[PDB]
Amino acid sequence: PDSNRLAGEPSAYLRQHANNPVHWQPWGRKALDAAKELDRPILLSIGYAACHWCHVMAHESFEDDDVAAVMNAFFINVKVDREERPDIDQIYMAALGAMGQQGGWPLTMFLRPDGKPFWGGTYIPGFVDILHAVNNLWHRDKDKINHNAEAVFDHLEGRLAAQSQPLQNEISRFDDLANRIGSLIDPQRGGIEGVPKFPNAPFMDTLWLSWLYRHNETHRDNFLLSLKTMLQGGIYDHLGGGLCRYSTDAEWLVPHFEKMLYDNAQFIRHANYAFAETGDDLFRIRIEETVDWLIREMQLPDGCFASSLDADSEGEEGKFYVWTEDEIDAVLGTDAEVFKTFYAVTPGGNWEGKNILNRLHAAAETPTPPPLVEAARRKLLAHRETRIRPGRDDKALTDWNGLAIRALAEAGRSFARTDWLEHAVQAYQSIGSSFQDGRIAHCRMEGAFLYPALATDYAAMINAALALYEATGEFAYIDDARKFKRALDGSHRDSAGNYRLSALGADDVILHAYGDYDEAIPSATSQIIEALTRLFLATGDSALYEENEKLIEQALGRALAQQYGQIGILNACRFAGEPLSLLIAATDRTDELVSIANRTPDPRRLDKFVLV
């Protein structure tokens, strides 16, 4: 507690806070214990890299030398990344809402030595006023904190780690959910009509699953309009490729220029399924452009994919991705007129006087660029790469890598793109290299691994291993899927058969939550339901089938008690209640039956092959 130990950590978001004068500590047993022997409170700060206001609180307070000594003598201050320890975030995010104050990131908390919180807040501006007031309260009111900490804690243990009575899996529960999700779709712009606009991968899954199981063409058109209009807006990089996080306005125009790995992997699957229904060439182009961007800018020397790249370059939001007309005319030359007519370039611009490239003005026309404006588009990228390039988060998250490995495996299978498979295998063997002592790591960077993993890490690697089987047909990927299943059971399955996000042997966690709340990615148990359901179709394990039906009813029992974020559970249980299985006997990959199965991607079906 007298030296900043945030150096060498696998999270790049914490590495930037290493030079801070406050002795930052990582979340671990050595941090909580020191708070006991010194009877000093804990000050927890949660944040993620692509958050403009996590850096604001840094330069305003934490990077200031004076206010850090106030923290160094009053608490044991710890910094956590929302994406390195998502278990810690979800615990103390729901802890804030239970105190009667909603908030987001950064999140500043106050913890007694055992970890239970008693006061929190989003961003703290008097900051130092409280920074001492809690220290006063820590000494003046030990009786008040113990009364207040265990009251919020009992609300957490009942909201995040309390099993419910089993609930019967019924079809009408999903059809009801699909009707209400459909009523939130903006009929003209696409997506949830509220602003800001998020891609909302779980919300899309319900509409597509509604279209497949019910042939409800209304939700199918809601899925297609929302996906297609988004991929045409400024939220997508029409020059290099890759989708951004979310949109500021409802027209999908002005975005947050950070590019997350999970959002790109989750739309490749959506666009892949969407191509098989409409044949619209735009879905294929967006997939092909984003995959090239993933290999070029996200893939690490070892093959694994980085987490994300920054939205800020050289100190301004999106300086790297936006153009003015006077510069694109200087580089292109005579071919500059047709380029500006393609991406709605205007002298006045569409964002703060600048021009963000988009294809919303001609979204229904042909998506393929003419040969002159394609060479003009490629020429700008070579000139754009000379700019001050935004920083990258080289942290290799196992759960996020599994999402991408599954995306490249399924899209490469349907489009017969053999190059996409090889890069999926490289990321597979790179992530799978950390599997030692019957366990895998959560994240990794610069040779530093974070153990133990989370339940999402095994579920994602189970789904990626099974996807690699469908594309290849090598049964060694099914054996890998069972190896990940055994590791998941040995560390996350409780006595009731339920799975919990944090490992049961992890000692630095207050609460072993199930992980039932979705975000941009479906929840942990949501992914686990799907992964185990697909693993049954690939093996025929009857004991797995019997334990899955229990797991389904347990999760549905808690999902009924949830107020939000249960969409992934109802989606996975709808698929688990009626899965599709297809065995194909063939003599080679060129067989007709194998081909029409490849050209028919279905998230509800798992393919199996036998030599004949």
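Don't overthink the numbering: it's just position in the shown sequence, from 1.
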- Query: Counting only residues from the deposited sequence, how many are left out of the model between residue 125 and residue 126 (none, 1 to 3, 4 to 9, 10 or more)?
  - Reply: 4 to 9
- Out of 110-118 and 172-180, which stretch has the higher average CA B-factor listed in the record? 110-118
- Task: Averaging only over Cα atoms, indicate whether 480-488 or 363-371 has the higher B-factor in the PDB entry.
- Result: 363-371
- By the entry's C-alpha temperature factors, tell me which of 248, 148, 430, 539 sits highest. 148
- Quick one: which of 154, 221, 289, 143 has the biggest Cα B-factor according to the entry? 143
- Message: Per the entry's values, where does residue 94 land by CA temperature factor relative to the rest of its chain, in the lowest, middle or highest third?
- Response: middle
- CA B-factor placement of residue 586, once the chain's modelled residues are sorted into thirds: middle
- residue 604 - Cα temperature factor, lowest/middle/highest third of chain: lowest
- Query: If you rank the chain by CA B-factor, which third does residue 532 end up in: lowest, middle or highest?
  - Reply: lowest
- Item | Third of the chain, ranked by Cα B-factor, where residue 236 sits | middle
